[PDB]
Structure formats: structure tokens, C-alpha cells
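Structure at a glance
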Amino acid sequence: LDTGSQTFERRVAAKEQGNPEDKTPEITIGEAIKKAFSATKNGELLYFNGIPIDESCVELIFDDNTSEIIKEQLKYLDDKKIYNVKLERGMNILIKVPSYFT
Amino acid sequence: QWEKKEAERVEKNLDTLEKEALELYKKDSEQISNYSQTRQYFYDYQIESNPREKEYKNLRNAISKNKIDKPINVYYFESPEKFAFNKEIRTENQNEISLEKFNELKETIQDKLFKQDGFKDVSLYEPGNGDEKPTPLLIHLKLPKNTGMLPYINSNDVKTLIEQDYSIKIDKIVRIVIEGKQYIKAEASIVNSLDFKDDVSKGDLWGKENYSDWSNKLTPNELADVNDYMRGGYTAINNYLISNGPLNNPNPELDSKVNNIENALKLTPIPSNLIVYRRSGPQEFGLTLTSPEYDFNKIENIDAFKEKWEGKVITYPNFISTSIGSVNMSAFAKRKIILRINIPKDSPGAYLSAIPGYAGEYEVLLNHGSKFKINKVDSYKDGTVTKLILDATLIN
Amino acid sequence: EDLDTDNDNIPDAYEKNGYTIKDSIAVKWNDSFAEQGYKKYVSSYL
Amino acid sequence: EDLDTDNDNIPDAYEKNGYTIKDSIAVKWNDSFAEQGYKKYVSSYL
Amino acid sequence: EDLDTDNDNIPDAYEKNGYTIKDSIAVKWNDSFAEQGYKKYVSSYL
Ligand SMILES: [Ca+2]
Ligand SMILES: [Ca+2]
Ligand SMILES: [Ca+2]
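On to the coordination of the calcium ion (ligand 1), then. Residue and element names in this part refer to chain C. Looking at the calcium ion (ligand 1), one finds its protein donor set to be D4 (OD), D6 (OD), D8 (OD), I10 (O) and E15 (OE), positioned 2.3 Å from the metal centre. Counting residues between consecutive donors of the calcium ion (ligand 1) along the chain gives the motif D-x1-D-x1-D-x1-I-x4-E. Given a relative accessible area of 30%, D8 falls into the partly exposed group.

So, in C-alpha cells, the structure goes:
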């Protein structure tokens, strides 16, 4: 997470794909972001220290592999929001907080 | 390396006799531990003139030289037989533990108290790779403050040698998986109690310290029936109570007798938890000296007595005159069963031998009709005879 | 029926269904005590 | 029976005829769970 | 047997209501001996 003045790096555990004996609980990108940054959730808004880090209020940057995985997975579900993808062990998500917002 | 150097440090700043004891322990811990378990049940001269005695003392006096300042968690393996589980949980080659055997071990160690004794080697961590895992049962205990724990080195590892003088209460057991094998992990607690195993000097000292002011607050009739109970009438009172009096033969004066001797015990209860002893004969367990079952050198006899009495609740209708000394006396040297009762706090009873003039030495009396639950039955060898010790407890 | 495969003081069902910590012992997650401030944890029971 | 010569908590018959691991425990291989994702292992029992 | 959760020789009730040390043993705080020089301590029982 890159606020503009300081950054915060986090590692969040994810389940291995081809493994039946991997019992790591499976969470979404929104839940992972809420857990990794201690964000507060009022109703539908996710807040860092004083900054809204909602999916619409920031810029999500990925690498080619993560962008691919997210693109393919968005096609198979309603409510096509990136904060509902399943965080498959190798994503490289970068939230960027915009300098000017309305 | 810190604990290594600390253990090697403690093992130099101690007596040379203690070094000799501990070094003998490093190889022959088997018979040393058996002796520390079964030493208290011999004669006085038998205990003192025994060769393995003194070094025990020495190593014992080493343990008490290193007390801990806060409760410490320790782990050690234990055989299920130590907790009156007379069958196998799982073969040492098997990997899984059945639900049935688990539930059985649960229901057989639910709310019992198992008194411990002797030396024990423990560790401060859960056993992992390379550690010796002999039994499928792992005990995780919490030793309290001021508990002697001597660290030592068996030339390759570090162990903690302690001496256990308490009773264990298993609370919860769980299935664990270590390195591909299933084990049972049990949580235990310490239930301390007063004990004077062989040094009956401390015993009767505390006894006449606490119950010297006992008899001087009694009515002359109750003191009279107490002292003619002491001086021979006890046999008649016992065979009157076990003769089914209050339902078959109502005897008014003997009922007054027994109610006055019973009320003469509920005036100043036992102030703490006591470990009391009593040798007894076969006539109380439906047996006699001429029966073949009394020959406890038979494995089948020990097994049948266990199956018939272990885990049961005996009920004694008469008064149970008992002793606070594990040492063998000549007045009852022929008896082979040793009942080891645990008496809780605020219990009815009294140490009647505080007033001199009694044949029974260091003798305590408690109310008649109080049941005893037998938690464990084990055995030892006095010379050539095999005598049984019965870890029991007062169940009110 | 209680069961701790990985031996980390949290039962299997609690790890795979949700738990929290109260007085240093893991307790099963009731949805009630979310307003007291407690959080719901999930983990690998293996 | 179950016998472990090399003392690695996998029985001899499993190592020589096939096994897998389920909940940290070795189990004899049944082909039915080849499609659930489990792999078949063989190793030296000595 | 009084309850000591954190295993630091001070019971829970004493830590959360007030205690003081006398002869190297924690005793429940009585306001009677505040003028004898003793102090009232509180701490976390966890
Ligand atoms: Ca667990
Ligand atoms: Ca093998
Ligand atoms: Ca405390």
C-alpha cells in the first residue's frame, strides 16, 4: 500500500492450488486487504489511518501474472469487483492512493 | 548453550557424594527409581541398613537444593498402566488411535487422583525429532513454586531430575500427531497433601502439636467410650458395626457408644490433606490366608484383584484406625495389603494417639461409613513376599 | 469430540470454523461477541 | 499386520505397494482418490 | 488453590483488585496498613 508519503508491505498466506492436503483458509482480496492493514470497515467503506482505500478510491496495480489471473476470474462471477477475487498465492497487488481525489 | 552451561555449572557446585549418586543414576536409573518408589514400606533398620538408602538420600538432598521461583511447565512420557489403564492404547508400530480406546481412556481417568513418588526425568519442551517416544501417552504437567529440579547431562543431552511427592489430576486429553504417529496429550494438575512416609518423628510431632488441645474439650462419657475403644473394646465395636446392627439388632447402649465415639471425631476436622496408611488382611476383601488368591506372586492373582477392585468404591461400616507411617510394624507384619488413603481438608476425624497410653502408634481415626475409591493397585516385594499397595482416596 | 492434529493448542474444528482467544484459551467463535471487540480467526488445522 | 523396519512411520507394505498422506498420517493407496488430487508414493522400506 | 493464570505467583483477584507483598508472599490489599508503609500494587493478571 503506497499512500504517497510512506509505504506498507504485507505478506498474506494463501492456499496452494493443486494440493488436497493444504488447509489454508481461502479469503478474498478485500478481506486480505482489510486484515493486512488493520483497516476499519464502516458499512461498505474501508479506511486506513484516515484514508479511504476502497476499490474505487485507489489504483490497483499488478504484474502480468496477477493481472491475468484476476482478468480470467472476473469473467465467472457477478458483481465484477476486484475485491472479490480469491488471492491465489502469487499475486503482487499494489494499492496506490491518489494524490488528488473527489 | 546457555542451559547446557547452567546444567554443567550446577553439576559442579555440589557435594562429591551427590556427584556419586547422580553419576550412578546416569546408568542405573531403573532400580534407583524403583527403590525411591518402594523404599518407604520396610522396617526401620531395614530402611537404614539398606545399602542403596544413603545415596538415595544424597541425590534426594541434591534435588531439594535447586528450587524454582515460578511455576514451570514440563513434559514427559508415561505408560497408561500408571493411570490404571490395563490395556494397550495402540501397538508401538501402529499409527492411529481408535475412537473407542480414546473414549475408554477418557472415561477411566475422568476425575481420579493418582499419587506419585520417586525420581523422574523430565524436559522443558515437547519431544520432537530424535527424542525418545516410548509410550503413546504424553503428560504435560505444571510444577509449582519452590520445586526442586536438578539439571544434568547424560553425556549427550540434558535432562531435569525431580522427585514427585504429590498427586496428579488429569483434566483433558487430546489426540496429537507427531512425525506421523498419533499420541494422547493429557493436561495434569498438582494436588498437594501432607505426608510423613517414613520419618514418623515429624508426623507425631505435628500430630501432638495440633491435637494436644483436642481431648480437653470432651464430655466424660465420650472420653470414657473413646478410651475403652482404645483399650480392647474396639474389636467388639467393630464386629458390632459389621454385624448389621441398625437394621437387624438395635442395641441402645452400643448405639450410644458409637454415636458418642463418632461425634468425638467431628469436633476438630483434619486441617489439611493427609496421606494416611493402613495395613490390612484378606478378611476385608472376601479372602483368607489359606486362599490361593492371597499368593500375590501369581500374576493372575494380581490381575484378578485389579479387575475386581481397581476403580471401585469400598465401603467400610466400622471405624478405620489407621497409621501415618509407611514403615512395617511387627504387630501386623503378616498382612500383605496396604491401603493408602487420601484425606481431604475439613474432613471428619482425629489423631487419637495424641494422648499417651495406646497400643497403636501414630494412629488416626475417622468416621465409620466413609467410602474409599481405589484409584490404583500396584505391587512390590518385601523380601520374598509380594505385597500390594492400593492408592485410594476418601470420597466422603 | 476434541482433536489437535498440529499440536498448537487450538482444536481442529475451531481452526477450520473460527475461534477467538479469551483468558489465554481458544474458544469457539460465537457471533455475539463481535461488539465487545473480539476478532474471528481462521487457520490451518494441519 | 503393520511393521516399520526403517522406523520412519510408514509401514513396509505401504512403502513397497503404494501409499499417500492424509491428515499427517500414511494411508494405503486406493486408486479412487487419484482424481481428488492425491499422488501415489513408493519408497524403500529399508 | 487460588487462580494464577500468567504464572507469576500473584493470583488473579489480587492483581486486578490490589495486593501487597509481605514476607515475600502476595497478600490481598487491606487499606488498614497503608500507614505502616506498604504500597498498593495493581497489574494485569494475563
Ligand atoms: Ca490445532
Ligand atoms: Ca517404513
Ligand atoms: Ca498472576
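Residue and element names in this part refer to chain E. Assignment of secondary structure puts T20 in strand β1 (residues 19-21). A distance of 2.8 Å separates a polar atom in the side chain of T20 from the backbone oxygen of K39. Apart from the residues lying within four places of it in its own chain, the contact partners of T20 are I25, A26, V27, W29, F33, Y38, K39 and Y41.

Using the criterion set out here, one finds 24 salt bridges over all chains in the structure. Note that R175(B) and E1(C) form a salt bridge whose closest N and O atoms lie 3.9 Å from each other. Within this pair, whereas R175(B) is found in strand β7 (residues 167-178), its partner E1(C) is found in the segment before α1 (12-17), the two belonging to separate chains. A salt bridge links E187(B) to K185(B); the shortest N-O distance between them is 2.5 Å. When its relative accessible area of 8% is taken as the criterion, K185(B) is described as buried.

Tallying the contact residues gives 8 residues for chain B and 5 residues for chain D. Of the roughly 640 Å² buried at the junction of chain B and chain D (both faces included), carbon and sulfur atoms supply 49%. By the criterion of area lost to chain D, the three top residues of chain B are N93(B), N95(B) and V177(B), representing 57% of everything that side buries. Between the two partners, chain B and chain D, sit 0 salt bridges. One can count 2 residue pairs in polar contact joining chain B with chain D. Put simply, the parts of the chain that give the side of chain B that touches chain D at least two residues each are β7 and β8 (181-191) of chain B. Of the residues assigned to the side of chain B that touches chain D, the class counts are 2 nonpolar, 4 polar and 2 charged.

About the cut-offs
- Residues numbered from 1 in each chain as written, not as in the entry; some residues may be left out.
- Chains lettered and ligands numbered in written order.
- Part of a larger assembly, values for the part shown.
- Heavy atoms only, no water.
- Donors = N, O, S within 2.8 Å, 3.2 Å for Na, K, Ca; no water.
- Buried < 20%, exposed > 50% of the residue type's maximum accessible area, 1.4 Å probe, protein only.
- Helix = DSSP H or I, 4+ residues; strand = E, 2+ residues; numbered from the N terminus.
- Polar contact = N/O pair within 3.5 Å; in protein donor to acceptor, adjacent residues only side chain to side chain.
- Contact = heavy atoms within 4.5 Å.
- Salt bridge = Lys/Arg side-chain N within 4 Å of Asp/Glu carboxyl O.
- Buried area = accessible area lost by both parts, 1.4 Å probe.
- Nonpolar A, V, L, I, M, F, W, Y, C, P; charged D, E, K, R; others polar.

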